[PDB]
Structure formats: C-alpha cells, structure tokens
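Worksheet: one structure, shown below.
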Amino acid sequence: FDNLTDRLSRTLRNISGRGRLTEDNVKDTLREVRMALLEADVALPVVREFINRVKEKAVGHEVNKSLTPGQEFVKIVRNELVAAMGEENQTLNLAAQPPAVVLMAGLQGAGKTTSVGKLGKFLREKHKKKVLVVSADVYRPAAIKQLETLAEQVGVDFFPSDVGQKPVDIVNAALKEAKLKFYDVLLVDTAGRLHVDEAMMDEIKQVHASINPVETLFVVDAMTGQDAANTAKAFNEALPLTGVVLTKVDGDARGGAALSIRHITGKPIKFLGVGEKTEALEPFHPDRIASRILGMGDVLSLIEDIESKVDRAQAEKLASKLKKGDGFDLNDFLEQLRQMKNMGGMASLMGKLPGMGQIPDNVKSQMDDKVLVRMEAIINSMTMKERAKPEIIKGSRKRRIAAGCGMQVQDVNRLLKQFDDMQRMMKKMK
RNA sequence: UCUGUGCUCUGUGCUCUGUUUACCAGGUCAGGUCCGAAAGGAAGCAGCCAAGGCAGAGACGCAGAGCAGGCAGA
C-alpha cells in the first residue's frame, strides 16, 4: 500500500498524463490505489462498495468553488478511506475507573503474549499508575519466560505459575494480588487448545464469566487478514465491548484485509503497533492512519513539541528575572538534543512530511537524523562557557574536543558554522 | 641584641568559609571514540572530585619587625 500513498503527490501534478483528458488521472489512481489494496491482502466484495460510493458522490457534487477539484477529490477519497476502515468512533482506551481487568483473549499465540508488553509498557509511561501482568496461558511453553523478560527489563513486575496448566485460579490468583497491593491496571493474555474458534471463545467463556473483566480484547496478526474477520466477528457477539488490535504490521505484508475485515463487522480496534520493539504499538483512529496520506502522520505531534521547547526557555526562569540581564547560556543548542533521545527526541517527526510549503531536497531529513548524534559527541566534550561564547573556537581549543570526543577534526569545523550561520540566517528578523 | 609578655604590622604553614579555574603530567570518567568475531580491554573531553588562583577568619601554627604609663629578665 505504502507506495500508493505516493499516488498522493504522484497526483499533485498539473502536467497530467497523455490523455488530454487527464480525466483519467482519477480512475487510474482509483484502480491504481484500488490495486495496491487487494494485492495487499484486502478483501474485495466490499471494495466494489467503496469504489462505488466513491463514484456515487462525483455525479452528485462538486468542490465548493474557490478550490481546485483535484484536491476535494481527496477529502472524499480520504473521507471514505476512513469509513472504508475503522469509520468513526474514537476508541476509548483509557480508565473507566480503576483499577482494571484486561482480559486478553488470543487465538493461537502470535502477539499472543508480546503485545501485552508495549501495551502495559505503554500505560506505565502514562498515569502514576500501577500496571501488573500475568501469564494467562498454559498450553504453549515460554509463558512468563520470553515475556518474563521485559517485565523487569521495563520495571514492571508480573506473575505466573511454572508448568502449572490451569487458567482461572492462577488468573483469579494473580488479579487480586496487585489489587491487594492496590495497583492500577492489569493485563492478562490468555488462549486455549481447542481446535475450533468457537472453542477458543468457548474457553474465554468461563475465563470471562468467572472473573468479571471490564475491558476485553482479542488480537490477531494481519498474517491471517480479512480471513480473521469471522474469528473476531463471532465474539463481537460474545462481547460487543470486545475491542481489539492487529498483531504485527511490519509483521506480514497483507495488512489491509486484516484491519479491513475487522471494521466490516462493527469490529472495534484501538491500536496496531508495527511489530517488534517494546513501543512500536500505537493508538489508533483511521484518519490517524489514514494521516500521512494513507495512515501515520505525526508532526503535528513532533510539531507541537516546538511549543514544548519554544515557550519553555520561558523554562529556566520565565522570566526567572523579567528582562534583559543575560541570565542563561546558549548551549540549548545541544540542549535540544537531550530531550529528544532522552524521551522523545526520537526523530520528532522530522520526515519533511510534504515538503511543504517549500520542497527543497533528499539529505535534509533524508541525510542527518540517523546520525545527528555526532553533533552531540562534543558539547559534553566541552566546558559550559564554551557554548555561550560559540566564538572562541580556536583551532587549538577544540581539536581536543575533536579527539577528546573522538572525532577527527574536520567533522567539527565542519559544523561550527551550521551554528554560527543557523543564527545568521535564523536571526534574520527584518 | 635575645627572651617572655601581650598587642599590632608583614610574610607564610595549617585549618575553616566564600569564590574562581577549557586543553598544558591528579582521581573518577557519562556521552562519543579506539582494539577485539566475542569474551573482554584501552585512551579520554565535559561534569564532579582533588588540586591550584583570589580573599575573610582562626585572643591557629611558624617566623621577622615595632610597641607612653609599653613593661620585664638576661
């Protein structure tokens, strides 16, 4: 699909194709996009519908004047992409009360356990709250184990029972535990050996109605895709509050149909998480995905951080002395850094997004990030004062930083200006 | 002249306190770097610590000098 999200700007071409008509720009794209889908799993029965509705509109509308059609088209395209997928209902993944019951019903494994992590993981790096997890699966091996890891490796205990093949108890057991300790949120992955899905649920049956869980979720890898539909489906009935997510994004190639099918049941998602890494999990809201043409955008996010910074120096001392008396030192510069990789200086989103308003070049984003660490290299390879008078960088005083930071000269001189010029231009206020 | 008396001045030794110090043989060395397939190692800037610089104080140490009722002994 991704490479369709290009058809996007591939479309932002006044030139147009051969057809004098350029009239076809659309339909192609349609089909084009239309293609990229099913090819990427995606069911089709539906499609007709979309592709249709799409059409429908046309012969019943026009872009309010004062606005190039081409564009409009989209709003519409986009428009229906939404509906096409998780139409619109903003999933409510946060606290109804506290603490909580995360019944994690999983078909055969696959994200089975994993998932939980970032999930939990996620919420700890969110509310003073107290997670808590439990190995709610005894058929397949590495219950705790593989999982167990993270648990600590994230600063989040968990609990289970070696070997010990029997949910319920253990579950129950767990539960009240944290509870007794009065934690805030529990996550507990489960499943069963029944070769039939009704048997799966059949299991969750007791599982559920024995515990009395508030929030319940199933999950699946796009591996299965549109097929999945059913699976989940049968259950939306079991429990409508039944919301879910799709294991592995970067973990397939089919996707679509997966999430597609879902939707088309009134299905309820909340996240998705590209795959590996303790954080790849993400919230979810059609648009969000799709954001940026067919799915993920931010920065708006990464964007909004400016506000974080820009308006925080405000935050040394906002004044912390109304004025001007010279009260701080310009090494933010490097200050920027930290934040950022400390937390969120991950690529912030710096992608750039649509080259807009001016499309400039490939290395600009494209070529420093991955590697805007370097700049850092030094800095900490220098006294405070240094960065306050970034104009006392004699060949002498620095080569040491050069080596002291481990970087053969060049790199530096070859930067010193990306500092004294930044401003230069930067500082160009009338 | 020496010594005591104490007091003062000056130098300094030690201590306490404040402050100050990119690199130019201290310690610990984040980050980054280097060697190694790894196991493991190494050099090392910033910071901090030590140390140095500048000061105040010690009716604190060690000294030189001066001291109406300066006063004493030799």
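Quick note on naming: the chains in the structure tokens go A, B, ... in the order shown, residues restart at 1 in each chain, and ligands are numbered from 1 in order of appearance.
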Exercise for the section: Pick out each residue of range 80-322 of chain A that DSSP on the backbone tags as helix (DSSP H, G or I); I need them as a ChimeraX atom specification. Expected result: /A:80-84,116-124,144-153,169-180,197-211,225-236,257-263,286-288,301-309
Up to 7 Å from chain B, what residues of chain A turn up? Count only C-alpha atoms (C1' of nucleotides) and give them as a CSV table (one decimal) with N, CA, C and O atoms, in the first residue's frame.
chain,number,residue,atom,x,y,z
A,377,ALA,N,28.4,14.4,20.3
A,377,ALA,CA,29.7,13.9,20.6
A,377,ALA,C,30.4,14.9,21.5
A,377,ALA,O,30.6,14.7,22.6
A,380,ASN,N,29.3,17.9,25.4
A,380,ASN,CA,29.6,17.3,26.6
A,380,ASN,C,31.2,17.1,26.6
A,380,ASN,O,31.8,16.7,27.6
A,381,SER,N,31.8,17.4,25.4
A,381,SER,CA,33.2,17.3,25.3
A,381,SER,C,33.7,18.7,25.4
A,381,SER,O,34.8,19.0,24.9
A,382,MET,N,33.0,19.5,26.2
A,382,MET,CA,33.4,20.9,26.3
A,382,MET,C,32.8,21.6,27.6
A,382,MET,O,31.6,21.3,27.9
A,383,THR,N,33.6,22.5,28.1
A,383,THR,CA,33.1,23.2,29.3
A,383,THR,C,31.9,24.0,28.9
A,383,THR,O,31.6,24.2,27.7
A,397,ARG,N,41.9,25.2,20.9
A,397,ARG,CA,40.8,24.8,21.7
A,397,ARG,C,39.7,24.2,20.9
A,397,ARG,O,38.8,25.0,20.4
A,400,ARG,N,41.1,19.1,20.7
A,400,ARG,CA,41.0,18.3,21.9
A,400,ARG,C,39.6,17.7,22.0
A,400,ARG,O,39.4,16.6,22.3
A,401,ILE,N,38.6,18.6,21.7
A,401,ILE,CA,37.2,18.1,21.8
A,401,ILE,C,37.2,17.2,20.6
A,401,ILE,O,36.7,16.1,20.7
A,404,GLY,N,39.2,14.5,21.9
A,404,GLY,CA,38.5,14.2,23.2
A,404,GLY,C,37.2,13.6,23.0
A,404,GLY,O,36.7,12.8,23.9
A,405,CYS,N,36.5,14.0,22.0
A,405,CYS,CA,35.2,13.5,21.7
A,405,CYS,C,35.4,12.2,20.8
A,405,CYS,O,34.4,11.5,20.5
A,406,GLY,N,36.6,12.1,20.2
A,406,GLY,CA,36.9,11.0,19.4
A,406,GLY,C,36.8,11.2,17.9
A,406,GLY,O,37.1,10.3,17.1
A,407,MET,N,36.3,12.4,17.5
A,407,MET,CA,36.1,12.7,16.1
A,407,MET,C,37.3,13.5,15.4
A,407,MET,O,37.6,14.6,15.8
Handout entry: Interatomic distance, CA of residue 50 in chain A to CA of residue 75 in chain A (Å, one decimal)
Key =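 Separating CA of residue 50 in chain A from CA of residue 75 in chain A is a distance of 14.2 Å.
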Practice task
Find the spatial neighbours of residue 164 in chain A, counting only C-alpha atoms (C1' of nucleotides), within a cut-off of 10 Å - ignore same-chain residues fewer than 4 positions away - and output them as a list in words.
Solution key: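 Close residues of residue 164 in chain A: residues 137, 138, 139, 160 and 170 of chain A.
Summary of the local environment: counting only C-alpha atoms (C1' of nucleotides), residues at most 12 Å from residue 343 in chain A, other than itself and those fewer than 4 positions away along its chain, are residues 125, 302, 305, 336, 337, 338, 339, 347 and 348 of chain A.
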Problem - Closest of A:263, A:317, A:10, A:424 to residue 233 in chain A - atom-to-atom distances counting only C-alpha atoms - result: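 Nearest candidate to residue 233 in chain A out of A:263, A:317, A:10, A:424: A:263.
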Exercise for the section: Give me the residues within 9 Å of residue 113 in chain A as a PyMOL selection string, counting only C-alpha atoms (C1' of nucleotides) and dropping any in the same chain fewer than 6 places off. Expected result: chain A and resi 104+106+135-137+143-144+146-147+188-190
Next, write the just-selected residues to a file, as an mmCIF file, in the first residue's frame, keeping C-alpha atoms as the atom set.
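Result file follows (part-v2.cif):
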data_model
loop_
_atom_site.group_PDB
_atom_site.id
_atom_site.type_symbol
_atom_site.label_atom_id
_atom_site.label_comp_id
_atom_site.auth_asym_id
_atom_site.auth_seq_id
_atom_site.Cartn_x
_atom_site.Cartn_y
_atom_site.Cartn_z
ATOM 1 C CA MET A 104 -6.580 -10.805 26.788
ATOM 2 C CA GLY A 106 -5.868 -14.660 21.948
ATOM 3 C CA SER A 135 0.872 -15.347 32.381
ATOM 4 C CA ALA A 136 -2.695 -16.317 31.468
ATOM 5 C CA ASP A 137 -1.716 -19.163 29.123
ATOM 6 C CA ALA A 143 4.609 -18.146 29.020
ATOM 7 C CA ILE A 144 6.343 -15.979 31.575
ATOM 8 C CA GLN A 146 10.199 -14.833 26.928
ATOM 9 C CA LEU A 147 7.682 -12.479 28.387
ATOM 10 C CA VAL A 188 -3.509 -10.817 31.150
ATOM 11 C CA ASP A 189 -3.056 -12.728 27.920
ATOM 12 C CA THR A 190 -4.907 -15.953 27.506
#
Using only C-alpha atoms (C1' of nucleotides), which protein or nucleic acid residues come within 10 Å of residue 416 in chain A? Drop anything in the same chain fewer than 4 positions from it, and give the result as a short mmCIF file (atom, residue, chain, number, x, y, z; two decimals) with N, CA and C atoms, in the first residue's frame.
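Contents of selection.cif, as written:
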data_model
loop_
_atom_site.label_atom_id
_atom_site.label_comp_id
_atom_site.auth_asym_id
_atom_site.auth_seq_id
_atom_site.Cartn_x
_atom_site.Cartn_y
_atom_site.Cartn_z
N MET A 375 26.86 15.53 16.52
CA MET A 375 26.92 16.90 16.94
C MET A 375 27.09 16.81 18.43
N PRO A 390 30.22 30.86 21.58
CA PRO A 390 30.50 29.97 20.46
C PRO A 390 31.32 30.74 19.43
N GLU A 391 32.20 31.60 19.92
CA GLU A 391 33.01 32.43 19.04
C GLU A 391 34.37 32.61 19.69
N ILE A 393 36.38 29.50 19.33
CA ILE A 393 36.76 28.17 18.88
C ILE A 393 38.03 28.18 18.02
N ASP A 411 35.02 16.97 10.94
CA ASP A 411 33.65 16.87 11.43
C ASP A 411 33.17 18.15 12.13
N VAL A 412 34.00 18.64 13.03
CA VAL A 412 33.70 19.82 13.81
C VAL A 412 33.72 21.13 13.06
N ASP A 420 26.87 29.04 13.62
CA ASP A 420 27.04 30.48 13.50
C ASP A 420 26.36 31.02 12.26
N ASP A 421 25.86 30.11 11.43
CA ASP A 421 25.15 30.55 10.24
C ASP A 421 23.68 30.35 10.54
N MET A 422 23.35 29.21 11.15
CA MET A 422 21.96 28.96 11.51
C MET A 422 21.42 30.33 11.93
#
Handout entry: Shell around residue 203 in chain A at 10 Å using only C-alpha atoms (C1' of nucleotides), local window under 3 positions removed, as a PyMOL selection string
Key = chain A and resi 105+167+190-194+197-200+206-208
What does the file look like for those residues with C-alpha atoms, as an mmCIF file, in the first residue's frame?
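So selection_6.cif came out as:
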data_model
loop_
_atom_site.group_PDB
_atom_site.id
_atom_site.type_symbol
_atom_site.label_atom_id
_atom_site.label_comp_id
_atom_site.auth_asym_id
_atom_site.auth_seq_id
_atom_site.Cartn_x
_atom_site.Cartn_y
_atom_site.Cartn_z
ATOM 1 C CA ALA A 105 -8.163 -13.433 24.674
ATOM 2 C CA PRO A 167 -6.098 -20.790 33.987
ATOM 3 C CA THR A 190 -4.907 -15.953 27.506
ATOM 4 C CA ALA A 191 -5.871 -18.592 24.958
ATOM 5 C CA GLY A 192 -6.708 -22.305 24.571
ATOM 6 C CA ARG A 193 -6.016 -25.596 22.842
ATOM 7 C CA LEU A 194 -9.357 -26.142 21.228
ATOM 8 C CA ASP A 197 -12.513 -20.901 17.447
ATOM 9 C CA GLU A 198 -15.822 -21.277 18.981
ATOM 10 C CA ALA A 199 -13.859 -23.500 21.306
ATOM 11 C CA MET A 200 -11.371 -20.673 21.783
ATOM 12 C CA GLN A 206 -15.603 -19.232 31.734
ATOM 13 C CA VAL A 207 -12.445 -17.219 31.557
ATOM 14 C CA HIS A 208 -14.591 -14.116 31.212
#
Problem - Interatomic distance (Å, one decimal) between CA of residue 354 in chain A and CA of residue 270 in chain A - result: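 Atom-to-atom, CA of residue 354 in chain A and CA of residue 270 in chain A are spaced 26.8 Å apart.
Of note, CA of residue 83 in chain A and CA of residue 286 in chain A are spaced 8.2 Å apart.
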